[PDB]
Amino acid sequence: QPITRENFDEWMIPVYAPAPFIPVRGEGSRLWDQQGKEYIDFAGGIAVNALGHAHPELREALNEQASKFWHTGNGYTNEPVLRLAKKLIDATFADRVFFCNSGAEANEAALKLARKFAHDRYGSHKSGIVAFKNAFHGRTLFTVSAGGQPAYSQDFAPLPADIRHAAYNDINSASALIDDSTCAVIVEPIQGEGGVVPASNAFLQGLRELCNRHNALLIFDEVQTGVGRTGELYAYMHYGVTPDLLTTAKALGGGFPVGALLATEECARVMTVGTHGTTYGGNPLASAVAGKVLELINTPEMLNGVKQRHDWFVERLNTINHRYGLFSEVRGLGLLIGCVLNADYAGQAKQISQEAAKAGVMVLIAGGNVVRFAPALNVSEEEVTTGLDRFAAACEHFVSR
C-alpha cells in the first residue's frame, strides 16, 4: 500500500499543512523520512518526546503492560494508574489526580472543577474565568475560548460566557478583571505558542495573591512547560508560586496520549461520583508509559542536564546570531527556547523553519516572529551540535533567500 504526501491533501480534513516529507522512524533525536533523508529533531514532538524517538525503556514498559491488558474503562482501577498517581502526588503540591487523554482534556477538567467549586461554596453567579491574550489552552470549545487567540474561536460562536483576557505579565491588567465573581485564573507559566514568553516572578505572585483575596482558583496550564521542560520537574517549582490546580500532558506520556489534572485535597473533594469522567483516561497502558517517563525524567542528573543543554543551545544560537544578525533576543527556560526575529526579518519564522528542514533540522515556530526549539530532554551534545550546524547552514542560505 503506497502512501504519498499528496494523499494527505486528499484524505485529511485540511487543518494542517504539514511538511512535504513523511517521517518513518527515529531514534533519540534523529528522525528519517521515507527516502532515507536524515533530520536532527529539535521540534521534539512539540515538547512531547521528552526522551526522544523509540526510547528502548518506554518501548519495554509499553510492551510489558500491553501483554497483560490495555484498558477496562474507569469502572475498574489498575495498578499502573495508581502508582502513576502516587508518583505525581509525591513529587508536587498535589494530593489527588484525575487522568485524561490530552492537554485540552486536562484543562477542561481544571476549568470544570473551578466552576463547580465556586458554585458550591459561594453560589452559581461566581463563574468568571480570567485567562491571557496569546495563551493557548487547547481546541475544545471551552479551552479555545479560554485561550487568547480570538481567531481560533470566533467561527464557532456562541462561546461559553464569562471568560475575559488580561495582558500577560501585566498585573494591573489582571487585577482589573479579577473580582469576587471570578472562579478561576488560568495562566501558562511560559506562553509557549505565544512566542516563548516567560512570566515574570512578580506577575505570578501577583496572580496568587489576587486569587487568594478574591477566592478564585489559580490554574497553571503546564501542559507545555511541564515534566522537566524547564530544568525543574514543573515550572511552578522554578518560580516558587504554587497553583491550586495544575494541568500536565504533552511530555507526561513521552509520546503516548495522556494528560492529568493535579489538585489539592480541598479542590478534589469537590468532584463527586458522576460529575466528570473519560473512557480512556487512566488506562494501564498510558499509565505504565507515563510512570516510566517520570522515573527517567525526574532525577537530578536529567533535570540538571536540561539546564546544561539550555546553555549549549544558547551559546551556539548566540554565535549563529553574531554571524547572521537574525534575532533581537534568545529567550526561554531550560529546553523551551524562542529565537525572536528582529525587524528586518519580522514574520519570517516559518520560512526559516522550512529552510531548516531542507538543511536536515526540524524546528518549530511560536507565532510568525519566533523560531522555537523544544528538543528531547536527553538530546546528546553531538545531536545539539550537528542540528545547530544544520540550523546555521539554513540561516546562511536564508540570509540570501
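Numbers for residues come from their place in the sequence shown, where the first is 1.
As listed in the deposited structure, the average C-alpha B-factor of 183 to 191 and of 209 to 217 is greater for 209 to 217. Averaged over their C-alpha atoms, the temperature factors of 300 to 308 and 279 to 287 are higher for 300 to 308. Comparing the listed residues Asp170, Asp120, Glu222, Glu79, the entry records the largest Cα B-factor for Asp170. For the set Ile178, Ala135, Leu261, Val258, the PDB entry assigns the largest Cα B-factor to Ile178. When the modelled residues of the chain are ordered by their C-alpha B factor, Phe42 lands in the lowest third. Ranked within its chain, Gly226 lands in the middle third, by CA B factor from the PDB record.
Annotation for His165: CA B-factor lies in the middle third of the chain's modelled residues. Compared with the other modelled residues of the chain, the Cα B-factor recorded for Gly367 ranks in the middle third.
Compared with the other modelled residues of the chain, the Cα B-factor recorded for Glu329 ranks in the highest third.
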